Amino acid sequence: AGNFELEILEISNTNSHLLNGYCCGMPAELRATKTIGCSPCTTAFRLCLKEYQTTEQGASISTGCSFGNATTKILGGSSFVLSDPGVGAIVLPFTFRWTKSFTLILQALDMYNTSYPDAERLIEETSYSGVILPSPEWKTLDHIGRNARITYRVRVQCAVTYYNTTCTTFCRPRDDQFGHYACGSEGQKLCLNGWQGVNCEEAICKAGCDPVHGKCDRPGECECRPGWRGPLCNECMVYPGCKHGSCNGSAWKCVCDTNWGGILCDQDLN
């Protein structure tokens, strides 16, 4: 999941015309003003996003906008450069996996409403088909049309906690008892130094720490299980009172040396 983002950067429509060659706003004949020339446009932008299209008919908004459609607020007059493109950005959410391939249709529209909608109010129209991967980097596009020049930019970003080219790999970094890991560029758990395991919840103990009789709750340490000792927890403790004997790799035992017997190995056998 994530969003396809489009930010208008500039439109240049110096003569305040429509694509059909007429003026924006009210026809000058119907105006009761001293204004000379065309009235200014009231420009907004409509984005139609859809699957990658292999023919000219696909570059129309008549084939539908499966990936979403939106219209900005009025962003300015006939020509303007947006100092802060983010405020009027078009954000189209997508669910499941990002498609990578797409076709967009971007229209500039004169929002002068008299009989309410009409297609004569198209100022300019452009289309772009391509393949884009999730990234905060913008792709800048520039359309020098017959009537207006539109500069805009697009990007795709995964929803928060999602990664990978598909925006479906989940990762949330953790630094507590249940895990110690950062998130990689594709959502991989990157264990913090000294940790391992499925959730990077296992401390990596001191080098040489006995894997069976040693443990650690913090990296680089070696704590001994009952009846074992030494810096590496590899030395068993003999049963208290054991004389001529050893633990033989088992905690609290007294296994006799040759020619000694008894529970404490203190009986000379010969």
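Heads up: residue numbers just count along the shown sequence, starting at 1.
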{"item": "83 to 91 set against 149 to 157, stretch whose average Cα temperature factor tops the other in the entry", "value": "83 to 91"}
{"item": "27 to 35 set against 42 to 50, stretch whose average Cα temperature factor tops the other in the entry", "value": "27 to 35"}
{"item": "Among 76, 187, 130, 194 - the residue whose C-alpha B-factor is largest in the record", "value": "194"}
{"item": "Chain-wide C-alpha B factor ranking for residue 118, given as lowest, middle or highest third", "value": "highest"}
{"item": "Assigned third (lowest, middle, highest) for the C-alpha B factor of residue 176", "value": "highest"}
{"item": "Chain third (lowest, middle, highest) by recorded CA B-factor, residue given as residue 254", "value": "highest"}
{"item": "Position of residue 13 among the chain's modelled residues by C-alpha B-factor, lowest, middle or highest third", "value": "lowest"}
{"item": "Third of the chain's Cα B-factor distribution that residue 59 belongs to, per the entry", "value": "highest"}
